[PDB]
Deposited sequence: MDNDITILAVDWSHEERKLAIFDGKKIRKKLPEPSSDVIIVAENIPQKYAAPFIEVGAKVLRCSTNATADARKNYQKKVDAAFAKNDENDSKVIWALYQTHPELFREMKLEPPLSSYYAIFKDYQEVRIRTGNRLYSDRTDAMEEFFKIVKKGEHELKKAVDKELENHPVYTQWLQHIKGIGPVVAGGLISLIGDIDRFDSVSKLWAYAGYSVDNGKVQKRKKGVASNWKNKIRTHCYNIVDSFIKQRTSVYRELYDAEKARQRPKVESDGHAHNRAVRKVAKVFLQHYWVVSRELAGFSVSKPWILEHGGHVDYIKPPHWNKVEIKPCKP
């Protein structure tokens, strides 16, 4: 039994299509059902995953990009795209609780940075006590991430031992990438992260064009590489020096060779994160420093 859902929070908007008729509300969960949606939240879908009722999702751009060629008709388009382009739809899986702690950590940190910048701009005690409370929340949730990482083998067995990696690098890298059966090649992970290349051209933001990578992992990798640089970490600092020397003959100012070296190291680190996680979880393979 396939059902296509045009999701919403407001029950007036919701619609479901069985391929023949339209329904206004969802059933009780059962593993006879496969659900397909254009990005339904885990808030609504977790009851189904919790009983083995599969949920498949596709990008919020998939229908808009089919339309280059009422709302309730869009449930029919979602159903039609599941029939015509079943390669797009990917299985939603229930998250680990680390991803929640890391989310709340970054939700506190942006409030902390936001508050620090105002303390730079002019000084008042109200924001200084707030800054202290927000710093405590950020600290306690870093300690929560630190605690939860004990349940994450790729940290305790590997990322813990790399000099210049600690709880926040690993908390972000884990939760932003997630289950490593989602990426059947290293290049799928680079493409998802924003490190792929077409004809020698990088992925850049461009107004009026939807992006197709999770840019937060490329922003995160920037800080992982920044740490490798400042700590002079093992294999990875050597690779930075080697590339930064190799590339400066080819580019017009030092900062371009720097950005190219950073990109090179971030890509090779993601290759190693892939390799180690695939070997840990028992997925197919196709050097990291500490891993043997």
| query | What are the missing stretches of the deposited sequence, listed from start to end? | reply | 1-5, 75-85, 303-316, 323-331
